[PDB]
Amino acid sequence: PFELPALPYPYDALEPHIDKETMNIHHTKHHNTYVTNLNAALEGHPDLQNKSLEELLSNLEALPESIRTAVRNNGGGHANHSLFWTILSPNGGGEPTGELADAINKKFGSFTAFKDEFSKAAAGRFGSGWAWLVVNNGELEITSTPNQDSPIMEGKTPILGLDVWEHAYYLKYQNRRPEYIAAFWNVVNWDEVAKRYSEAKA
């Protein structure tokens, strides 16, 4: 079944940009709740217990109506937060390089303009949701989704996401989401984003 992934860094590694208390609660309680509920939803269906998260979220239409919403919300929660951890790093920040930077420069004109568009999208998502950079049939684009909806449901491959649920920033930033977004850029693991872009292109 599905398992809570271990973090690749200590819970305080992202200070002062994300507080360790938030990292611990976000991971051990928010994320792990999504995993347990996801597993609970599929307990009665050996049909589905051997399918990847990507397969389930691409075939939401086919799942029984009794669990469709559970898989949507808890499967999305698991998929989104699993990606989130990997694209953070205490050694992150800076700018992308190589093929990825070249792709960003062509679609958005500059890395600066990409940051602005991504920050605007993250600030504009009313209520709970996520802001994404995705690969959509070989092309980069910025989008945002509500609640725990994953772009995989729309046939898009996420390579970078920013959780803008209030639980991701309230303890430290309270209502000041924009400076949580500003702080986010100092811990982005661009090497991981590039790896995911290299893989999504295929």
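Don't overthink the numbering: it's just position in the shown sequence, from 1.
Peer 1: On average, are the C-alpha B-factors higher in 88 to 96 or in 119 to 127?
Peer 2: Averaging CA B-factors over each stretch, the winner is 88 to 96.
Peer 1: Report the stretch with the higher mean CA temperature factor, choosing between 76 to 84 and 103 to 111 on the basis of the entry.
Peer 2: Per the PDB record, 103 to 111.
Peer 1: Out of 160, 62, 35, 140, which shows the largest CA B-factor listed in the entry?
Peer 2: Among 160, 62, 35, 140, the highest C-alpha B-factor in the entry belongs to 62.
Peer 1: Kindly indicate the residue among 68, 27, 167, 177 with the greatest C-alpha B-factor in the PDB record.
Peer 2: So the option with the highest C-alpha B-factor is 68.
Peer 1: In terms of the chain's CA B-factor thirds, is residue 58 lowest, middle or highest?
Peer 2: Highest third - that is where residue 58 ends up once the chain's C-alpha B-factors are sorted.
Peer 1: Per the entry's values, where does residue 49 land by CA temperature factor relative to the rest of its chain, in the lowest, middle or highest third?
Peer 2: For residue 49, the deposited C-alpha B-factor lands in the highest third.
Peer 1: Quick check on the deposited entry: does the C-alpha B-factor of residue 192 sit in the lowest, middle or highest third of its chain?
Peer 2: Within its chain, residue 192 is a middle-third residue by C-alpha B-factor, going by the deposited values.
Peer 1: Among all modelled residues of this chain, ranked by Cα B factor, put residue 134 in the bottom, middle or top third, i.e. lowest, middle or highest.
Peer 2: Bottom third by C-alpha B-factor.
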